[PDB]
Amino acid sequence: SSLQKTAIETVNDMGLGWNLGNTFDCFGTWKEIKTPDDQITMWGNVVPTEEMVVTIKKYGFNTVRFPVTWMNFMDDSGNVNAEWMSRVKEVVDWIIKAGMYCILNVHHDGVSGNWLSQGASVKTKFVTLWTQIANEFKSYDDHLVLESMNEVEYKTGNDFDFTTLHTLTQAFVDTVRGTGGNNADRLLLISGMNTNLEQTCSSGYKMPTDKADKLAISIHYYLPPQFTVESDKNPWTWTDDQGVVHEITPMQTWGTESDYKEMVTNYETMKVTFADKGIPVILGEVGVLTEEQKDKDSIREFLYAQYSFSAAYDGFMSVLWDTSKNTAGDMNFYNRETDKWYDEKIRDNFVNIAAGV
């Protein structure tokens, strides 16, 4: 029998996803990071155990995205501390043992001010890092998916710099594929431009080349931003040259007729641009702030609608951004320590979508 799946078949099998957020991804200059646990716990989550990482499966999830920030464990030439790599591998091994997919990435390394935000002039360091990650996991089967980076924005003037992005994503593909083994054919998730739907689906976006034809595209679904990611208690502002401060109005509800038409239009854009061309779409983060004044029925309806579209559209999936508890982050859905969901109806909706009902 065939022992390979196409890119679309792989994302279809990946089912529903969930992120292990605000854990291996943490960073902050204020913390002197000397050991893995120093980074892992610095935002308020505990050191995760096997049960904390894989129990999500019983709620209908088949993919764990494992966001990892690497810079504090890289020496001056980009070599990754062996203990850090071992701790990353341990979590990957838990996910794989549970029969789930793992998406492993390079996360806050690309934030403005961190090294990967510099663009193509750090390609050498990016290749050094991915060579090490790729070699560490080269033998892993196709339930391990590697994601080039997270949310990077490169510009030249006020135009988006798709060339710099492509230089980096192509270096990622070439480096991973070049190591051979199962890296020759595993699904690779390619970052969109700032994971932005509009920019990634624009005519300027430049997908990298892959002889294996085993690439997916990464877009993050925080649309509309005023509902999903804008604080209600501390709204976003802008200030003019004379000191007048303007509030950008946050939204607390979602679900009007035009809201649904906007979501459908977004999926259609992604379908025509990527899935219809054989490139599946991993919506590697979706979420809504949970510690603000967002209407709880609207949070539930938004996630239900979005995951339902990801289930209805061939070659798509959604991956929930979740920080576990409100002393550790701002989007809290499943408390991995207590095995309890904050909203039982959010939980039930995931179970039902996963089951096809």
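From 1 onward, residues are counted along the sequence shown.
Of the two segments examined, 93 to 101 and 108 to 116, it is 108 to 116 that shows the higher average Cα temperature factor in the deposited entry.
For the pair 178 to 186 and 221 to 229, the mean Cα B-factor is higher in 178 to 186. The PDB entry assigns the greatest CA B-factor among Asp210, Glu147, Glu285, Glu153 to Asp210. Each of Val122, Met85, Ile248, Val281 has a CA temperature factor in the record; the biggest one is found at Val122. Placement of the Cα temperature factor of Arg300 within the chain: middle third of the modelled residues, per the deposited record. In this PDB entry, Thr327 carries a Cα temperature factor that places it within the middle third of its chain's modelled residues. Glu292: CA B factor in the middle third of modelled residues in this chain (values from the PDB entry). When all modelled residues of the chain are sorted by CA temperature factor, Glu50 is found within the lowest third. Per-chain ranking of the deposited C-alpha B factor places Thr35 in the highest third.
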